[PDB]
Every structure is written in structure tokens, then in C-alpha cells.
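So the structure is just underneath, and the comments pick up after that.
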Protein chains: 2
Amino acid sequence: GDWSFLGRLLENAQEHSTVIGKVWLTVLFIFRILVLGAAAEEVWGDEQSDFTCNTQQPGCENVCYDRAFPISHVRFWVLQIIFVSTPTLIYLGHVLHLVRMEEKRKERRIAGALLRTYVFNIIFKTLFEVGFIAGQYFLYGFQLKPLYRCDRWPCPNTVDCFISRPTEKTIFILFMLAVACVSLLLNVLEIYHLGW
Amino acid sequence: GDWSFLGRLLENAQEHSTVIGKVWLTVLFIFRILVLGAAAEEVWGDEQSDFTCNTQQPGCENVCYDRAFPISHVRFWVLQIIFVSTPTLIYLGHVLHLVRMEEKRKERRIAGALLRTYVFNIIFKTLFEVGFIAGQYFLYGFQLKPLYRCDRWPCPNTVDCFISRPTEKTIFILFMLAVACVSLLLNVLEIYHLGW
């Protein structure tokens with residue numbers, strides 16, 4: 001995963017952002033992207049190769065892994081990172097557009113319409129963070145148990161399947177939840193600093 | 001398989017039987033019982049152990065062998081031998097009963113009621129031989145093909161299964177059919193010699 005281009009754009013957003021916004025971006029880079037690439041990806045590397053079911057039925061392990069893990073937590077976190085970054089890019093684009101328009105007018109910061117877009121950016125960021133949190137909760141909860149009981153065809157009756165690294169995965173699930181909640185708190189602080 | 005007791009009783013029947021009947025009993029001993037024990041049993045020994053199906057499905061080979069071979073030819077031939085022998089034992093029992101009654105009357109061959117029972121013995125023998133022949137035909141035919149196609153659950157879709165020793169088994173199927181037909185001819189000759 002090469003996050004270079006998103007990083008380069010979000011550092012530009014850092015130049016035009018509030019101090020709390022700069023904190024939020026630093027959290028995104030260090031506690032989400034960096035952890036994901038240095039720690040979590042490895043943890044989940046053997047998610048299917050080390051997933052085992054007590055059965056001689058061909059195809060059962062495939063369908064049972066798929067049912068247990070419709071989307072890997074790491075993929076979900078990648079999507080979450082991209083969506084919570086997107087409004088920042090929208091605001092930065094509006095910034096660059098107004099700067100280029102100003103340069104043109106000359107040939108021939110946060111107030112006004114730019115402040116309205118900034119605050120909308122903070123709102124959409126908040127809603128997307130909340131949505132991904134709640135989706136993670138309703139899909140997986142905040143804990144991975146070692147045992148998964150599977151009755152999906154072709155599996156005969158109910159089969160016992162065993163997860164790879166349930167405890168380490170639970171640790172990182174809770175870590176990422178905490179980081180997301182810290183991000184929400186930062187957004188709320190941005191909207192209370194702007195309000196005040 | 002210990003045929004000693006049936007043999008001992010059928011040799012008694014040989015003492016009280018017609019010459020053609022003696023031929024029939026000799027055919028039974030030499031061309032059915034002896035072949036079954038010296039040749040066929042061995043041929044069919046690995047009927048299930050060498051039966052193979054192209055599948056990874058647990059249980060498929062079991063159900064496919066069972067469907068292909070609801071009853072092994074050798075078991076069928078054992079039953080046939082016993083049933084075609086049974087009327088002979090009935091006639092011999094009537095003989096011994098009349099002899100013991102004669103000894104009693106003294107204290108205090110084929111005509112009459114004994115001839116009626118003899119001819120009924122020949123009739124039931126014929127009907128049982130015919131019935132087993134026709135049953136063998138409708139169950140298996142007179143040939144075993146190497147390939148058996150099986151769609152019985154749990155087998156997925158249609159599976160290719162392969163028989164042990166199809167050609168040797170076909171040879172012995174046809175041999176036993178020929179021996180049974182010779183027995184029928186002998187019965188018919190008994191009833192035409194008695195008629196004449």
C-alpha cells in the first residue's frame with residue numbers, strides 16, 4: 001500500500017488547516033496509516049491460510065471464512081481512512097480554486113464561503129467516522145472469538161472453525177476504535193473552537 | 001463357507017434320486033458350490049476395497065458401491081444354491097418319513113404319493129432357477145462394465161466410479177448363467193423321462 005499521494009495532498013491541507021486540524025491529520029498519519037502498514041497488515045496476513053475448520057468437506061473452509069469475514073478489518077480501515085480524508089481534499093480543492101481565481105483577478109483565511117466549506121468538511125468527517133464505527137460494531141462487534149460455528153453449504157451440519165490470532169486482532173480492533181473516537185473528539189473540538 | 005451339512009443331506013437325496021437327478025446334484029456340487037468356493041469368492045473378495053470413485057467427498061464411495069451392488073453376485077448365487085436345493089430336501093424328508101413309518105408298521109420306489117412329491121420337487125426347482133435367473137438379469141444384466149456413474153447423495157453432481165475386475169466378473173456371471181440353464185435342461189429331461 002503506497003499512501004504517498006494521499007499524504008502529499010493532506011500535508012497541503014495541513015498548511016491551510018486549523019491547529020486542531022493539524023493534530024487530526026497527524027493522528028491519521030501516525031496512529032492509523034502507519035499502524036496499519038507496520039503492524040495490522042501483518043497480523044491479518046494469514047487470516048485465511050491459518051483459518052482452520054474441523055471437516056473433510058471440500059469447500060467448507062472457503063465458505064466459512066467468507067461468512068465469518070465478509071470484509072477483512074484491514075480493508076474496512078483502509079476504506080475508512082480514505083472516506084474520512086475525502087472532505088479534507090474537497091476543502092483543499094476549494095482553497096486552491098479560490099487562490100487561483102485570486103491570482104487570475106490580480107492578473108486581470110477561514111471566513112466567508114471558505115469557512116462554510118471548512119465546517120461542512122468537519123461535519124462530513126464526523127458522520128463518516130461515526131458510520132464506520134457503527135458499521136464495524138454491527139458487522140463484527142469489538143472482539144474476535146477463536147471459535148466460529150459454521151453451517152453454510154457445503155459444510156455438513158454445523159462445523160467448528162478456528163480463527164487466526166483472535167486476541168491480537170481484538171487488541172488492534174480496540175486500538176483502532178479508540179483512535180477513531182479520539183478523531184471524533186478532535187472534530188468536536190474544532191467545531192467548538194470555531195463556534196467560540 | 002462350510003457346505004458340509006447340505007452336502008451330506010443331498011448325497012442322501014442322491015441315493016433316492018433318478019439318474020438325471022444324480023447328474024443334477026453332481027452339477028450342483030462341482031459346477032456351482034466348488035467353483036463358488038475355489039474361484040468366484042476370491043474374484044469378488046476386493047469388490048469394495050478396490051472400488052474407486054473420482055471424488056474427494058466423504059461417504060460417496062460407500063453409497064455408490066451400495067447403489068451399484070445392492071447384493072453381491074456371490075451372495076445371490078449362495079441363496080440360489082440353497083433355494084434350488086430345498087425341494088430336494090423336502091422330497092428326501094418325505095422319503096425318510098415313509099421309510100420310518102414302514103419300519104413302525106413292520107414292528108406293529110418312485111410311485112404313488114412319493115412320485116407326486118418328486119415331480120413337485122422338480123417343478124419348484126425349475127421355478128426357483130428361472131426366478132433367480134430373471135432376477136439376476138433385471139438387477140445386473142449379464143455383464144459388468146468398468147465404469148459406474150453415480151449421483152447418489154452425498155456425491156456432488158455425477159461421479160465416475162470404477163469396478164474391480166469387471167471382465168473376470170463377467171466371465172463368471174456368464175459361466176454361472178450357463179450352469180443354471182444346464183440345470184433347467186436337466187429338470188426338463190427329468191420330467192420328460194418320467195412322462196415317458
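Letters A, B, ... go to the chains of the C-alpha cells in the order shown; residues in each chain start at 1; ligands are counted from 1 in the same order.
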
Legend entry - Within 8 Å of chain B: residues of chain A, using only C-alpha atoms, as a ChimeraX atom specification: /A:56-58

Legend entry - DSSP-assigned helix (DSSP H, G or I) members of stretch 17-81 of chain B, reported as an MDAnalysis selection string: chainID B and resid 19:43 60:68 73:81

Legend entry - Filtered DSSP result for stretch 69-195 of chain A, state strand (DSSP E or B), as a ChimeraX atom specification: /A:147-150,159-162

Inset, instruction - Name the residues in contact with residue A:173 at a cut-off of 9 Å, using only C-alpha atoms, excluding same-chain residues fewer than 4 positions from it; report them as a list in words. - result: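 Answer for this query is residues 73, 142, 143, 144, 168, 169, 177 and 178 of chain A.
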
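Take atom CA of residue B:34 and atom CA of residue B:1: the distance between them is 10.8 Å.
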
Inset, instruction - Might you pull out every residue within 7 Å of residue A:179, with only C-alpha atoms counted and same-chain residues fewer than 4 positions away left off, and present them as a list in words? - result: residues 31, 175 and 183 of chain A

File dump, residues just selected, C-alpha atoms, as a PDB file, in the first residue's frame:
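Contents of out_29.pdb, as written:
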```pdb
ATOM      1  CA  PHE A  31      -1.979   6.191  14.501  1.00  0.00           C
ATOM      2  CA  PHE A 175      -6.915   0.271  19.344  1.00  0.00           C
ATOM      3  CA  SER A 183     -10.592  11.697  15.993  1.00  0.00           C
TER       4      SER A 183
END
```

Inset, instruction - Quick one: pull the distance between atom CA of residue B:146 and atom CA of residue B:61, Å, one decimal. - result: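 These atoms are spaced 14.9 Å apart.
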
Legend entry - Who sits within 9 Å of stretch 89-104 of chain A, only C-alpha atoms, same chain under 5 positions skipped, as a list in words: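 Counting only the stated atoms, we get residues 9, 10, 12, 13, 16, 17, 114, 117, 118, 120 and 121 of chain A.
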